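Observations on the three-dimensional arrangement
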Protein chains: 2
Amino acid sequence: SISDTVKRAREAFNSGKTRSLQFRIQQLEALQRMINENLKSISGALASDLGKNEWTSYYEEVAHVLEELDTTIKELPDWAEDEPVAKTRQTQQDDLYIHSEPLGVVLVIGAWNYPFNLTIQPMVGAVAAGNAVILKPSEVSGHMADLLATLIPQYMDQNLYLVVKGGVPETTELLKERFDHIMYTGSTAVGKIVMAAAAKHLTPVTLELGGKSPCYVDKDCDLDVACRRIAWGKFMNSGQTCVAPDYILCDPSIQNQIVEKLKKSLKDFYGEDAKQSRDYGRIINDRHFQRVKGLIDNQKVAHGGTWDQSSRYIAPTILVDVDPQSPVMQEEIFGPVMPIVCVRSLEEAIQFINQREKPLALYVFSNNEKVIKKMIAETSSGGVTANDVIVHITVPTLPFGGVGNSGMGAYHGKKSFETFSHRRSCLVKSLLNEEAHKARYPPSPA
Amino acid sequence: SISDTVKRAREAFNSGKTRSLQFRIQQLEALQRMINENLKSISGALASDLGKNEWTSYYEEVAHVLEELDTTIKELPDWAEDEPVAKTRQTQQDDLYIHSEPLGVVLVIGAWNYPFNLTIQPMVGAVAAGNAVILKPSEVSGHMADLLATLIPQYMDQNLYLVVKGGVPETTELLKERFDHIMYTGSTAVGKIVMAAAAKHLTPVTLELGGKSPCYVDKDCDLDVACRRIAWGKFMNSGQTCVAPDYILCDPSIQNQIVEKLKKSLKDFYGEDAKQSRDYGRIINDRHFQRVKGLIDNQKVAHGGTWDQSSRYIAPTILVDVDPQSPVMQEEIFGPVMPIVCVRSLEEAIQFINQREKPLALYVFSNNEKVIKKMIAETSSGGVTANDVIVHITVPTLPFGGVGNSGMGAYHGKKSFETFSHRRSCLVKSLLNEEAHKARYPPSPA
Ligand SMILES: NC(=O)c1ccc[n+]([C@@H]2O[C@H](COP(=O)([O-])OP(=O)(O)OC[C@H]3O[C@@H](n4cnc5c(N)ncnc54)[C@H](O)[C@@H]3O)[C@@H](O)[C@H]2O)c1
Ligand SMILES: NC(=O)c1ccc[n+]([C@@H]2O[C@H](COP(=O)([O-])OP(=O)(O)OC[C@H]3O[C@@H](n4cnc5c(N)ncnc54)[C@H](O)[C@@H]3O)[C@@H](O)[C@H]2O)c1
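**Quick notes on the packing of helix α2 (residues 21-37) of chain B against helix α6 (residues 142-155) of chain B**
Residue and element names in this part refer to chain B. It is at 9 Å that the axes of α2 and α6 come closest, and there the two elements cross at 130°. Accordingly, the angle class assigned to the pair α2 and α6 is oblique. As for the relative orientation of α2 and α6, their crossing is right-handed in sense. Contact residues: α2 offers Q27, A30, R33, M34 and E37, while α6 offers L151, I152 and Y155.

As structure tokens, this is what we get:
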């Protein structure tokens, strides 16, 4: 069966229909009308999985896919043209260009936290490059899994773009098929499993994993604006975002000031009780609810610390004077718990960060430009945003991807089209004349 | 032991010395003077492994590395600079750019057919990107392995750039270590193993594997020039070249003409008897001598066919009316055997190619531009060259890589630098002011 589904998609790609640029634009526009016409359903699905509301849904997920769709629908023609290359002395009379072409069948494996985004956005790039795409939605956010399984065949081509539903068993069986590229977003442990399956077929993979994205706060920094931005990004989806400020690094002198401004900003967004605000989200499930909660134990709780097991609620909690060897500083906190670790100097912040796996993101808050550049020039991470948070992943002109444990590969905008296609180097010398190649053929000069 | 060597490099890389662009250039120039001061020895080692003479050693191998070095040394500074990115409406005031940075320790595993180039060339891009490099020379070309293992320590940094000699057991053990990138040039089967090992540490890999590079000769084509060019690339290293025109596909009407024109050029390069020409290479070893030799059995030998077991010689043999199901058409011929397979049309030539694993190269010879374009546009291969052979692999401005079975990743010139480094996206808003982001923070509008 799963095999039959993969076959159906490959044979249809072999038909050559996706070779038409016109076709891709129509499909892309189908995807676009699918979203617009079903915003309500998508929002509702999102509400049932993570308790989002019409606004957080659109602005945090859906609105990003739509910007992607718009960029690529408009630029695709330019992206598809043969890219000319710089000629060398030897190639002055020859054509040297780069030809892009579909890879074939791409597997897009999504995640639960942003179930609509982490599945449809990569797909925009995959359809743009002329590939057939098989979506494997996360089963953890089951409501969106179903919606996508129903919506896709109502708008997309039913032979080229297919949705496979299922948990671990369905995926494992699916990873035995042969794809020309596997896009995966999830955990570092499972990322390994994915790559290992791909090795058996020599298939290339794009891996967006995660880690602990540090957030360095410099003394010379408007702490009011700084903390207003940091709080937004950190509690945005109940702390469940891949490029979220996992923990704060700062000098002990501003330790408490950070705390006050954070809780201030918390009040401005969610009022006195977060559990009252409709804009605050709920944790995905019980297992994660227990693990995030357990991370607050034997810790110095300065704010928050309360939770509601029934609604899978966990109050915007802040922790102070945290021990880097404690569990909140040993695992990626995929929740609303903000630890604050203290470092005596910038040198100290850098050594700290560099003593751990490379993160998907790195943030620096400072008024001193030199501090911003020294942080960047001396650390390594997928992407970076100085004096803000999350935002770098939202710019089409900035490719999104990790390094080391944060993963490999990138994918927003044109970088998506490139990744889901092959870039073939062609040197054309249709000039079968002017054979001044004499010097290359033997016999060798005596 | 191998563990300690890897430790030496990783710690050395942590010292941060490669960061200095000045250091890199000195290590790049050092490598350059190693080549320039030891040409005789390099050629010697090539002679003993593949029976190459100073002329074929330089122009086929050594001279390509020297061009790469010359390009990177001159363009490194510009390649290293942060790359500005196009701003969006929402980011007009901010800084958006891409910062390149070393990955760490890079393992380069080379192949025997071109033992100097296949190790030192990818290394050039690795050193340029500020990484520490560990060379794993092919043991099969034993002489180049001992040469390299002694020359490197004399010119390069003895902590940063280290050579590891060994066969299977040593490489196996060596593949358990953690590297930040693995460059590999070899067979498809071993490529699958290298990537499997890679999976364990989530390390990215550049794989240049092989396949059977087709060569379609069109009717409307100057058969003289064509065959002159094809004979040169095909027999260049006793046929032992990764991008060599593996077999010819043509209309029977010219089946015999090509044969005549090929053997004519053969006379022009190696005289009447190739076993007499000093410009003709010898098969690496006995094992390969036998496999290649056997591909001539049960075949219609239209030229050559003689061989000397003692000197591992195999004459420039041609074969006509070859059956696709015969062993010469089932495996990549890594020798001087050139089969001719007939097809009734261009559409047919295309279907033949697509019905097989993707090749590293695809060559087209014709005077009709439209046939060249229709060919490229309907097939897929790593690279392509129209009306010549091998040549695209020699243009630095042209990235070299495969697709599907021919491998993943590319590595010439600047593309080499990009590949051995991390391209980190940065969004700098040193502007902690003009905070008109109100519309993004909760509570959602009523
Ligand atoms: N889901 C995400 O976006 C995500 C991303 C990064 C880190 N994390 C964090 O990592 C931890 C565990 O998260 P989780 O998402 O693994 O929990 P989970 O168990 O709820 O989700 C597991 C996902 O992994 C898949 N999977 C499990 N075994 C597999 C296998 N053997 N082969 C292929 N796929 C397999 C499942 O089918 C499932 O969809 C938590 O701290 C979580 O916050 C989650
Ligand atoms: N060497 C090349 O550049 C090359 C490239 C493409 C295709 N080929 C072809 O493929 C066929 C076999 O070639 P070959 O070079 O494998 O012959 P070979 O046995 O002489 O070379 C084997 C190489 O593979 C390595 N290897 C073997 N087992 C390994 C393992 N288990 N883990 C890691 N590395 C391991 C060896 O250490 C060795 O360097 C021939 O037809 C040949 O022409 C060779």
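**Let's talk about the domain arrangement of chain A**
Residues and elements named next belong to chain A. Each assigned domain of chain A is listed with its residue range as follows: domain 1 (2-209 + 407-445) and domain 2 (212-406). Relative placement of domain 1 and domain 2: their C-alpha centres are 31 Å apart. Between domain 1 and domain 2, the residue contacts involve 29 residues of the former and 27 residues of the latter. At the boundary of domain 1 with domain 2, total buried surface from both sides reaches about 2300 Å², with 50% on carbon and sulfur atoms.

**Observations regarding the site of ligand 1**
Residues and elements named next belong to chain A. Among the 17 residues in the neighbourhood of ligand 1, the closest are listed as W112, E139, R291, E332 and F334. Here an oxygen atom of ligand 1 sits 3.3 Å away from a polar atom, N or O, in the side chain of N113. Here an oxygen atom of ligand 1 and a side-chain polar atom of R291 are 3.2 Å apart. Within the complex, the protein chains bury 77% of what would otherwise be the 850 Å² of accessible surface of ligand 1. When residues of the shell around ligand 1 are traced back to their parent elements, those giving at least two are α7 (168-174), α8 (188-199) and α11 (286-294). Partitioning the shell around ligand 1 into residue classes produces 7 nonpolar, 6 polar and 4 charged. Mapped onto the domain boundaries, the shell around ligand 1 takes at least three residues apiece from domain 1 (2-209 + 407-445) and domain 2 (212-406).

**As for the site of ligand 2**
All names here are of chain B. Taken together, 16 residues lie around ligand 2, and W112, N113, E139, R291 and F334 are the ones closest in. At a separation of 3.4 Å, an oxygen atom of ligand 2 approaches a polar backbone atom of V168. One nitrogen or oxygen atom from the side chain of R291 is found 3.1 Å from an oxygen atom belonging to ligand 2. Bound to the protein, ligand 2 loses 77% of the 840 Å² it would expose on its own. Where the shell around ligand 2 is concerned, the elements lending two or more residues are α8 (188-201) and α11 (286-294). Element by element, the count of residues in the shell around ligand 2 is highest for α11, at 3 residues. Taken domain by domain, the shell around ligand 2 gets at least three of its residues from each of domain 1 (2-209 + 407-445) and domain 2 (212-406).

**Some words on the nonpolar core**
Core analysis: the largest hydrophobic core is formed by 226 residues, its most contacted members being A:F116, A:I248, A:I258, A:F365, B:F116 and B:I258. Setting aside residues no more than four positions away along its own chain, A:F365 makes contact with A:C215, A:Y216, A:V217, A:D218, A:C221, A:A226, A:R229, A:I230, A:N387, A:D388, A:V389 and B:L432.

**A few points about the pairing of strand β16 (residues 361-365) of chain A**
All names here are of chain A. In terms of burial, β16 is a largely internal element, 5 of the 5 residues being buried. Burial along β16 is two-sided: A361, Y363 and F365 and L362 and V364, pointing in opposite directions, are all buried. Alignment of strand β8 (residues 214-217) against β16, held across 3 bridges, turns out to be parallel. From the neighbouring strand, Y216 faces β16, where its bridge partner is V364. The pairing of β16 with strand β17 (residues 383-386) spans 4 bridges and is classified as parallel.

**A short note on the relation of the copies chain B and chain A**
For these two chains of identical sequence, chain B goes onto chain A by a turn of 180° and a shift of 0.0 Å along the axis, with RMSD 0.2 Å. The relationship between the two copies is best expressed as a two-fold rotation axis. When C-alpha distances to the rotation axis are compared across chain B, the minimum falls at B:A196, with a value of 2.8 Å. The overlap is high: 97% of the interface residues of chain B also sit at the interface in chain A, so the same surface is used on both sides.

**Focus: the sheet that holds strand β3 (residues 105-109) of chain B**
Backbone hydrogen bonds hold the strands of a sheet together, and the pairing may be parallel or antiparallel. Residue and element names in this part refer to chain B. Taken in spatial order, the 6 strands of this open sheet run β5-β4-β3-β6-β7-β17, and their pairing is mixed. Lying at the two open borders of the sheet, with one neighbouring strand each, are β5 (161-163) and β17 (407-408). By the bridge criterion, 5 bridges tie β3 to strand β4 (residues 132-136) in an arrangement that is parallel. Bridging across to β4, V105 finds its partner in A132. Along the sheet, helix α1 (residues 2-14) contacts β3, β4 and β5; its crossing angle with β4, the most-contacted strand, is approximately 155°. The sheet contacts of helix α5 (residues 117-128) involve β3, β4, β5 and β6 (181-185), and relative to β4 the element is tilted by about 170°.

**Re the sheet that holds strand β14 (residues 337-338) of chain A**
All names here are of chain A. Spatial strand order, β10-β13-β14: 3 strands in an open sheet with mixed pairing. Each end of this open sheet is capped by a strand with a single partner; those strands are β10 (301-303) and β14. With 2 bridges joining them, β10 and strand β13 (residues 317-319) adopt antiparallel strand pairing. Residue pairing for β13: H303 is matched across the bridge by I318.

**Considerations on the packing of aromatic side chains**
Between two aromatic rings, the relevant description is the distance of the centres plus the angle of the planes. Applying the stated criterion across every chain, the model contains 24 aromatic pairs over all chains. Ring geometry for A:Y441 against B:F269: centres 5.6 Å apart, planes inclined by 10°, an arrangement best described as stacked. One end of the pair, A:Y441, is in the segment after β19 (421-428); the other, B:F269, is in helix α10 (residues 255-270), on a second chain. Neither residue differs from the other here; A:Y441 and B:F269 are each classed as buried. Both rings, one in B:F289 and one in B:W307, keep their centres 5.8 Å apart while their planes meet at 80°; by these two values the pair is edge-to-face. With B:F289 in helix α11 and B:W307 in strand β11 (residues 307-308), this residue pair connects regions lying 18 residues apart in the sequence. Here B:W307 falls in the partly exposed class, since its relative accessible area comes to 39%. Aromatic ring contacts, followed pair by pair, group A:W232, A:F269, A:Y270, A:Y280, A:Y313 and B:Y441 into a single cluster.

**What to know about the UniProt feature "binding site: NAD(+)" in chain A**
As recorded in UniProt, the sites labelled "binding site: NAD(+)" are A:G186, A:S187, A:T188, A:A189, A:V190 and A:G191. Within the fold, A:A189 resides in helix α8. Judged by relative accessible area, A:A189 falls into the exposed class, the value being 54%. You can see A:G191 is positioned in helix α8. Residue A:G191 is classed as buried on the basis of its relative accessible area, which comes to 0%. Ignoring anything within four residues of it in the chain, the contact list for A:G191 reads A:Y184, A:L207, A:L209 and B:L202.

**Details of helix α10 (residues 255-270) of chain A**
Residue and element names in this part refer to chain A. Over its 16 residues, α10 extends 23 Å from the first C-alpha to the last, a length consistent with the 22 Å expected when each residue adds 1.5 Å. Residues of α10 that are buried: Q255, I258, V259, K261, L262, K263, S265, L266, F269 and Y270. Taken from the residues just after α10, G271 is the one with a positive phi, measuring 75°.

**Structural notes on the UniProt feature "active site" in chain A**
Residues and elements named next belong to chain A. Look at the UniProt record and you will see "active site" annotated at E208 and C242. In three dimensions, the annotated residues from a span of 35 residues occupy one location, with a maximal C-alpha spread of 8.9 Å. Secondary-structure assignment places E208 in strand β7 (residues 205-208). Among all residues touching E208, those that are not within four sequence positions of it are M183, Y184, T185, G186, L360, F400, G401, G402, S406, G409, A410 and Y411. Looking at where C242 falls in the secondary structure, it is placed in the loop between α9 (223-235) and β9 (247-250). For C242, the contacting residues outside a window of four places in its chain are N113, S213, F334 and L360.

**With respect to the interface of chain B and chain A**
Every contact between the two is made by 94 residues of chain B and, on the other side, 94 residues of chain A. Across the interface of chain B and chain A, roughly 7800 Å² is buried in total on both sides, 56% from carbon and sulfur atoms. Of all residues in chain B, B:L202, B:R424 and B:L432 bury the most surface against chain A, accounting for 11% of the area lost on that side. With a closest N to O distance of 2.9 Å, A:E357 and B:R178 form a salt bridge. Counting across the chain B and chain A interface gives 45 residue pairs in polar contact. Counting only elements with at least two residues in the side of chain B that touches chain A, the list comes to β2 (95-102), α8, α9 (223-235), α10, α13 (369-378), β16 (383-386) and β18 (421-428) of chain B.

The rules we used
Residues numbered from 1 in each chain as written, not as in the entry; some residues may be left out. Chains lettered and ligands numbered in written order. Heavy atoms only, no water. Axes fitted to C-alpha atoms, helices over the stretch in contact; angles between N-to-C directions. Helix = DSSP H or I, 4+ residues; strand = E, 2+ residues; numbered from the N terminus. Parallel < 35°, antiparallel > 145°, perpendicular 65-115°, else oblique. Left-handed = near helix turned anticlockwise from the far one by under 90°. Contact = heavy atoms within 4.5 Å. Domains from an automatic or database assignment. Buried area = accessible area lost by both parts, 1.4 Å probe. Near = heavy atom within 4 Å. Polar contact = N/O pair within 3.5 Å; in protein donor to acceptor, adjacent residues only side chain to side chain. Areas by Shrake-Rupley, 256 points an atom, 1.4 Å probe, with all protein chains shown as cover. Nonpolar A, V, L, I, M, F, W, Y, C, P; charged D, E, K, R; others polar. Core = buried A, V, L, I, M, F, W, Y, C linked by side-chain atoms within 4.5 Å. Buried < 20%, exposed > 50% of the residue type's maximum accessible area, 1.4 Å probe, protein only. Pairing = 2+ DSSP bridges. Least-squares fit on C-alpha atoms. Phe/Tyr/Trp six-rings, centres within 6.5 Å; stacked < 30°, edge-to-face > 60°. UniProt positions renumbered as here; feature names shortened; annotations may be inferred. Expected span 1.5 Å × (residues − 1). Salt bridge = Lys/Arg side-chain N within 4 Å of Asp/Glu carboxyl O.

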